[PDB]
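Protein sequence lines, in the order shown, are assigned to chains B and A. Going left to right, the first sequence walks through residues 4 to 21, 34 to 52, 58 to 80, 87 to 104 as the entry's author numbering numbers them. Going left to right, the second sequence walks through residues 4 to 21, 34 to 52, 58 to 80, 87 to 104 as the entry's author numbering numbers them. C-beta: ideal position from N, C-alpha, C; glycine also. This report refers to the structure that appears directly beneath it.
There are 2 protein chains.
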Amino acid sequence: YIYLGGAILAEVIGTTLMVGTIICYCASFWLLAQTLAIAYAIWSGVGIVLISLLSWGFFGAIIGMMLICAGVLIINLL
Amino acid sequence: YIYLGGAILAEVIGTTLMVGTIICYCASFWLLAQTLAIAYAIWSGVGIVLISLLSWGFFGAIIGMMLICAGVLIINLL
């Protein structure tokens with residue numbers, strides 16, 4: 004749901020960031048727990069997307091990006 | 004390493020299972048930390069196995091699961 008998506012985004016942000036970093040990580044973990052209480061597969065996909073976003077941010087291949095986009099489209103479809 | 008992978012699997016199992036649940040989660044986190052102390061790609065790939073194990077434990087679409095697996099393989103490749 005929207006809340007779950009927000010939690011995933013927060014977790015991704017915490018991962019990108021890395034104390035303050037520790038606090039952020041704890042918050043992300045709490046959000047994930049709240050989201051928790058297939059679904060697991062969806063969560064894994066979201067985590068992968070967050071990791072990809074973090075990598076992109078760090079950077080600033088094309089084929090890899092296209093593959094990721096295709097995977098996201100497939101996930102959206104089902 | 005193998006020990007790290009085992010710790011990750013244990014953490015995943017604890018997460019799937021779920034106070035007692037909180038204690039289990041804490042134990043899983045501790046195990047993960049112990050396990051902790058390209059490579060990142062390998063870890064991500066392993067994470068997929070842990071997620072699959074957690075899903076199996078929860079159990080006791088297919089196309090979507092296959093697509094997710096393909097995406098994970100692509101990520102591992104690059």
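TODO: Return the first residue and the last residue of the alpha helix (DSSP H) that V98 (chain B) is part of.
DONE: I88 to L103
Open item on the list: For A42 (chain A) and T18 (chain A), I'd like the C-alpha separation in whole angstroms.
Closed with: 10 angstroms
Task: For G17 (chain A), the three-state DSSP class (helix, strand or coil) - done: helix
Task: Segment limits, alpha helix (DSSP H) that includes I71 (chain B) - done: Where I71 (chain B) is concerned, the enclosing alpha helix (DSSP H) stretches over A59 to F79.
Open item on the list: One question on the structure: do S75 (chain A) and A61 (chain B) come within less than 9 angstroms of each other, judged by their Cβ atoms?
Closed with: Yes, these two residues count as a Cβ contact at 9 angstroms.
Open item on the list: My output table needs one value for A42 (chain A): the three-state DSSP class, helix, strand or coil.
Closed with: helix
Task: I58 (chain A) at chain B interface by Cβ criterion, 9 angstroms - done: no
Open item on the list: Using only the alpha-carbon positions, how far apart do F44 (chain A) and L51 (chain B) sit?
Closed with: 16 angstroms
Open item on the list: Here's a check: name, in chain order, each residue in its chain whose Cβ is nearer than 7 angstroms to the Cβ of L73 (chain B), leaving out the five neighbours to either side.
Closed with: Answer for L73 (chain B): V15, listed in chain order.
Task: Same chain only: Cβ atoms within 7 angstroms of residue 32 (chain A), ignoring 5 sequence neighbours per side - done: No coordinates are present for residue 32 (chain A), because the numbering of chain A runs from 21 directly to 34.
Open item on the list: Please tell me whether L93 (chain B) has its Cβ less than 9 angstroms away from any Cβ of chain A.
Closed with: yes
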